[PDB]
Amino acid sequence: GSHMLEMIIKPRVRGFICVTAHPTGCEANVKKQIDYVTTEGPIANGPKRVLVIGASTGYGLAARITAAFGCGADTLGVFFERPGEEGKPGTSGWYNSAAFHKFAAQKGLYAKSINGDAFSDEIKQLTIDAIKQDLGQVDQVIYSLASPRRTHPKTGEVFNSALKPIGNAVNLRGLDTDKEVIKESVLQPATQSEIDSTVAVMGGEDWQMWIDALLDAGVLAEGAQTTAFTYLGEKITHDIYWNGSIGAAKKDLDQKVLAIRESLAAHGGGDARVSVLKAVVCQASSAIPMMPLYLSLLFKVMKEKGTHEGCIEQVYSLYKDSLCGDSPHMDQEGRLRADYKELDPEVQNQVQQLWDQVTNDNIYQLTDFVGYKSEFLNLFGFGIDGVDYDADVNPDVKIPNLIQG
């Protein structure tokens, strides 16, 4: 009986985390992003050999889809995901990458992936090995890792990032998605150890190590390009992402890229940049209580303006407008910007006006909490059109050309 090896997969939410994922819905969600890109049309003069570090979910997945199905690129992806097994759904990123390989092959595009710790030297060497064997060199490197922790590749020290202000404690309003209550909490200021640890995790060092390992091995093409994704946001989150521990990481990202840019400028006129994207629902969003509230408000306001977007819309524009086109958004430090619709003065004024009016009773009248919840479940393959959620599936979905680290 195949029933022993198959199961009906439903969302299981534990501690603001969805701990299941649906393979059919994840495939459909990837196909929806592919179909957005092909519907919008191809992107000319893009890279044709692309390495995406953090390629399995969110903005890195969107870059992989944009490069492959927008620019026609062969893509090598690096990620850290859990395969499925009987009775135990794997992570959404695993099923997303299975669907990506499936659809890439259908269109005669190369798709190989590496599963393991991208902060390690071992994974960097496996990645170099793949490029040498298959592509020769890569034209473009997307750096799109998000992790709460980094094991230093030389010392073994485990660094943990912190989400805290610097200087004074701050009161941050938020939304508890389990209890569905508006809830303020006070974050204490970060110690210097927390600051240094957060720079080590979310700063630019590992990005630099990647480029330095790749340039040394000759697998970066002439005219190569690399970008790292980040968020800056506006006043509502600024205590954390401007002036807080994470802001220190974005500073160190701004300064480490100067070094990376110098390394690649001497390797035949290459370049390195920081790309700033808009806030989206991601799998970590519910665990940071301010983000569900901010997103629920932002979604409603931007939907009223016709400007609401998610990952694939954002990254397709980044590629078309800035990474490959002639109408870029450079900011004063020399960053590429895709977040300009989120930072519209009137949107921000409206969100900030609503931020102070939302209460437990008008949540659904003042916010798009409905949309937040739907987009959150969608990440894990739940609530997707065309999917029969009553049908058994085998959670052990396999991936060809998956190198396990």
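All residue numbers are counted from 1 along the displayed sequence.
Of the two segments examined, 131-139 and 311-319, it is 131-139 that shows the higher average Cα temperature factor in the deposited entry. When the two stretches 42-50 and 55-63 are set side by side, the higher mean Cα temperature factor goes to 42-50. Per the deposited coordinates, the residue with the largest Cα temperature factor out of 279, 111, 257, 214 is 214. Between the residues 228, 172, 99, 293, the entry's highest C-alpha temperature factor is the one at 172. In the PDB entry, a CA B factor belonging to the lowest third of its chain's modelled residues is recorded for residue 232. Residue 352 sits in the middle third of its chain by CA B factor, as recorded in the PDB entry.
Annotation for residue 362: CA B-factor lies in the highest third of the chain's modelled residues.
Annotation for residue 14: C-alpha temperature factor in the highest third relative to the rest of the modelled chain, per the entry. In the deposited entry, the Cα temperature factor of residue 241 places it in the middle third of its chain's modelled residues.
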